[PDB]
Amino acid sequence: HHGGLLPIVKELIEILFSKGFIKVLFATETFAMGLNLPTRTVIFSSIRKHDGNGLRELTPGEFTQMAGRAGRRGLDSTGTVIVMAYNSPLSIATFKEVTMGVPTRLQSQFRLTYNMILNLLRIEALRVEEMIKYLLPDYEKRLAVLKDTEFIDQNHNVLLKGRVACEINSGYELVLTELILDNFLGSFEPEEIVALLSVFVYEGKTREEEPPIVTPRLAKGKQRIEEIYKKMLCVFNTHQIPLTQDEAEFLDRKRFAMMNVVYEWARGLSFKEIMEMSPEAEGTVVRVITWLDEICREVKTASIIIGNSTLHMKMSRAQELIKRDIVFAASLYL
RNA sequence: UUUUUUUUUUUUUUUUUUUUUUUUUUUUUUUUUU
């Protein structure tokens with residue numbers, strides 16, 4: 001049970017588990033959250049996990065959430081939990097801290113984005129500074145970047161470039177806006193346009209070799225995107241803005257590995273032949289196509305704002321080319 | 001290396017014909033070739 005499976009397979013496994021047909025199950029963390037399917041034995045492979053930035057010992061809250069799904073009322077007299085030890089003793093202080101201790105409620109750092117700033121500048125009145133207090137040094141630095149690349153003027157009035165970025169919510173407002181206004185995407189076909197846009201959707205956490213040959217084109221598109229991203233990255237560092245892990249290690253990861261998978265999906269090819277060459281499981285491929293529906297909608301909106309009807313019809317064709325029957329399969333619970 | 005599915009609004013037709021407008025006049029015998 002993990003996130004790389006198709007929804008139908010995952011719900012099939014859940015239903016079979018609920019009927020007492022599965023004895024041994026290897027599960028990820030998502031199984032514990034919700035998913036009211038208790039069991040009798042819970043075994044921890046390790047008490048540490050890698051969450052984005054490095055390894056970290058399990059918090060007491062997660063341990064309580066996972067271990068609590070071990071005793072079913074009526075059929076069991078006690079709930080057993082097994083912690084493994086692999087030819088090496090484990091420290092007792094860490095064990096006591098993980099197992100015994102008051103859980104703490106989570107908190108968020110309230111990340112500030114450029115889309116939020118651009119949306120807040122269009123609101124009549126609403127002095128922004130007096131609301132941020134109830135982050136101030138960061139807000140001034142971000143305003144200087146927006147004025148440098150001509151998103152706003154000297155009086156902080158939103159221009160045409162800023163209006164487009166206000167409609168892009170997913171991940172990267174400034175880079176996408178620069179790409180659209182640079183007459184990019186005007187030479188490619190609908191199949192090739194959606195193939196290049198997957199870099200903003202696929203995070204490239206794999207380490208497998210990318211396809212050595214893609215096409216004579218779609219390689220110039222790779223270079224153009226990387227140059228534009230590199231130029232935007234220099235502006236960010238000029239104003240001394242702290243960067244997130246995702247934005248810092250963007251070109252370091254292999255985020256272009258799914259172009260071939262998306263390219264053949266839109267061109268028309270049986271999904272069995274696609275999986276013979278894709279570097280990700282079936283569950284991951286369907287997620288990428290699902291996330292590419294929102295990107296096409298945003299680019300269609302930007303075309304109306306700037307008045308380019310050629311780009312509007314290209315994006316309409318792309319949406320119809322990435323729809324298949326398997327992504328609309330009915331749930332087995334219904 | 002866990003974790004991440006986003007998609008705005010409208011209902012069943014104004015009433016009475018063809019006309020559709022400018023610069024000033026005359027006088028007495030057939031037919032053909034000349």
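Each chain gets a letter, A, B and so on, in the order the sequences are listed, and its residues count up from 1.
- Rounded to whole Å, atom P of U1(B) lies 13 Å from atom CD of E280(A).
- Atom-to-atom, CD of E294(A) to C1' of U4(B) comes out at 12 Å; the value is rounded to the nearest Å.
- Remark: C1' of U1(B) and CG of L58(A) are 13 Å apart, rounded to the nearest angstrom.
- For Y172(A) and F250(A), the gap between ring centers is short of 6.0 Å.
- The OH atom of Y202(A) sits 17 Å away from the P atom of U4(B) (whole-angstrom rounding).
- Phosphate contact (OP1/OP2 of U3(B), side-chain N/O of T30(A), threshold under 4.0 Å): present.
- The shortest heavy-atom contact between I225(A) and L196(A) is CD1-O, 4.2 Å.
- Atom CD of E62(A) is separated from atom P of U3(B) by 12 Å (rounded to the nearest Å).
- The separation between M66(A) atom CE and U3(B) atom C1' is 11 Å, rounded to whole Å.
- Contact annotation for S170(A): no contact, since no heavy-atom pair falls under 4.0 Å across all strands.
- Nucleotide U10(B) carries a south sugar; the sign of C1'-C2'-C3'-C4' is negative.
- Donor-acceptor pairing under 3.5 Å is recorded for the side chains of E62(A) and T59(A).
- Neighbours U29(B) and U30(B) do not stack on each other, since their six-membered rings do not meet both centres under 5.5 Å apart and planes tilted under 30°.
- When rounded to the nearest whole Å, the span between CD of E203(A) and P of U4(B) equals 11 Å.
- A donor and an acceptor atom, one from each side chain of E11(A) and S331(A), are located under 3.5 Å apart.
- Summarising the geometry, the separation between CG on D51(A) and P on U2(B) is reported as 10 Å, rounded to the nearest angstrom.
- Glycosidic conformation at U29(B) (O4'-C1'-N9-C4 for purines, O4'-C1'-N1-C2 for pyrimidines): anti, more than 90° from 0.
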